[PDB]
Each structure stands twice: as structure tokens, then as C-alpha cells.
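[1] Quick check, what structure comes out for this input:
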Amino acid sequence: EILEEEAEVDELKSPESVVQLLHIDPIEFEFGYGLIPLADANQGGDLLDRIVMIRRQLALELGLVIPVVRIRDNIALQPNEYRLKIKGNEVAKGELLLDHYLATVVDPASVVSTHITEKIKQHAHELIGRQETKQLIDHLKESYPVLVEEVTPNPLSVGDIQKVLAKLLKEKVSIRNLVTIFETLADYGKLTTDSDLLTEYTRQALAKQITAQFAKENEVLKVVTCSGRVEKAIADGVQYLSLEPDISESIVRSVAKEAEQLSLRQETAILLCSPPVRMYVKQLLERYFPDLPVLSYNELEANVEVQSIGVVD
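    Numbering: from 1, shown residues only. I have put the structure below:
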């Protein structure tokens, strides 16, 4: 729709200039003319340096090194308007008043910085492409060539590894621990190339990391569990989790009512279930609550004190 305007506003008519309408850049940040001062950096303006910071932070927190960000002024947008696209899709838009501050007190460049970083985090799994996967594999190869060679390209293609990494990022599991990830892939890759299963084994191998992500030191972790009924009903539907519409809505609300209780009490809502069901529970809840962490018992370290506050029925 806005591409229609871009084409019509600009001169895009010939075969050669129409290609530019095809936006394939992994990350695009677009702004109206009012946001030129922050974008340029010869008239001050922090954007480039701010993006560098983001790339460093997220590399250390996620294990993902974001690609080059494409930066374009866009006349279709309002003076103060910015827009963020990832892999061709708009994921965020906003407005900044450069001479102002947002009330704790935040300057505009910081507002856009944390907005960009949060959006990249929400879509990180869309950004671990082949290029980034190869960069990580090549980096791993410098210190672990025997391990890498055991994994790839046989039994596992770069593409297979990419899907495991994307599935980890999707659920906010950092991919910094490349050694453990690849040792798990080496151990299972000959038994299966199924990226769904490879990721269940990898998540388990990453129990220490996942427990640190959710559990506090020597403190009991507040966790909703799943009924024996809910657990049997999902297992039955495995063929690809197909369940009749009435069952799904029922599990969805049990989850919804239980989750409310945790966030009513300033707590992060987590869900525990048994390993063979975990991946399917997640698939089911994805559209209803994308960012409800669904854990399996084998992803929490043995030493962790876990207690139910609600039981999903």
C-alpha cells in the first residue's frame, strides 16, 4: 500500500527502477524528514552509533549478530514518524520529538533505541538467516573444527542447523553456547534430521542456561503446571497437533485464567509440562500467548525448587 505511494511519488516506471520496489533487506529503519538530525551524524545525531550498540548487546545476550540496518528517509511518512521493517514486514512504527523528552525521563534517541532492540528481540528468530548461521559455524570451526565437521554438512545441512537456531531464538533461548548446541547436534544428528526433535534435545542440553534465565538463586520459582487430563489430551492428538475446536478453547482458557493470577502478583508466568508434550503445548498456545514460556521438567536443573500455583485443566 505504501509501496504504491513510493512508486507513484518517485519515478519508478522502467524495468530497471521497479526492482527497487522489491525490498529484501533484512532490517530497514525508515523515517520522515523531521527525523533527519538523529539519522545523519555529521549534524550530530546518534542513530548509527546507537545501532552498533544494539548489535553488540544482542550478540552478547542472544548469540545473534544482527545484519546491516538499512536507513532511509521516507517522504510518505509524517515529519516525526519512524518505521521499522524486518525481512520486508513492518514490525513497528512511532513518532519522535527530537527537542523533547519522554516521562523517569528518556531522550528520543533512547526511545527509538529500546523500541528497535525490543522489536528485534521479538523477531530474532526471523533474522538468524543462512548468512548468520554460517558466520556462527565458521566462528565455531576456528576452535572446534572436529566437532563442526562431525555435524555438517553431513548429517546436518547448514539449513537444518539454521532451523534449530531459529527455533531456539523463537522461544528466547540464547544461542551463545554454540559448543553445547553442536555437541547435542553431533550426538543426535545421525539418528534424526528433524529440526523440531533436534531442538527438544538441544533445549534439554541447555538446562543450566534455561534455569538461569527463569529461576532466581535459592528462591522458589512460581510455576503453573498442567493437569494429567490436559497432558493426555495433547498426547492423543499427536499424529501436527490436531484437536477438535472445543478442546483447544478449553485448554486455552485454563491457561489464561491461571496466567492472570501470576501477573496479578507481579510474577512472570511460566508453564511446566512433561518433555514429550512440551513442544506440542507450545504450538497450541502460540497464537493465544506467544511469549508464555513453556518449559519441560528436564530443562530445569535438579536443584531447582518448583511449586505450582495453578493447574491447567
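
[2] Next, count neighbours for residue 267.
    13 (other CB atoms under 10 Å). Bear in mind the C-beta positions are built from the backbone N, C-alpha and C, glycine included.

[3] my guess is it contacts residue 223, does it?
    No: with contact defined as CB atoms under 8 Å, residue 267 does not count as touching residue 223 (9.8 Å).

[4] Mind listing residues that contact stretch 283-301?
    Outside stretch 283-301, the residues that touch it by CB atoms under 8 Å, 6 or more residues apart in numbering are 171-172, 200, 203-204, 206-208, 210-211, 214-215, 221, 223, 234, 241, 243, 248, 251-252, 255-256, 259, 268-275, 278, 281-282, 306.

[5] Using ChimeraX, define a selection of the buried residues within those residues.
    Command for ChimeraX that selects the buried part of the contacts of stretch 283-301, burial taken from 16 or more other CB atoms under 10 Å:
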select :171,172,200,203,204,206,207,210,211,214,215,221,223,234,241,243,248,251,252,255,259,269,270,271,272,273,274,278,281,282
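
[6] Not counting its own residues, what contacts the top helix by length along the chain?
    If you go by DSSP state H, the chain has its longest helix at helix 245-264. For helix 245-264, contacts defined as CB under 8 Å, 6+ apart pick out 222, 224, 227, 230, 233-234, 237, 268-271, 284-285, 288-289, 292, 309-313.

[7] ok, and the closest non-adjacent residue to residue 32?
    residue 77 (4.0 Å; CB to CB, 6 or more residues apart in numbering).

[8] can you pull the contacts of the one you found?
    30-32, 83.

[9] hang on, it in a helix?
    No: counting by DSSP: H, G, I helix; E, B strand; the rest coil, residue 77 is not found in a helix; it is coil.

[10] Cross the contacts of stretch 283-301 against strands and list the overlap.
    Per DSSP state E, strands hold the following members of the contacts of stretch 283-301: 221, 223, 271-273, 306.

[11] Tell me the buried residues in stretch 290-306?
    Buried, per 16+ other CB under 10 Å, within stretch 290-306: 292-300, 304.
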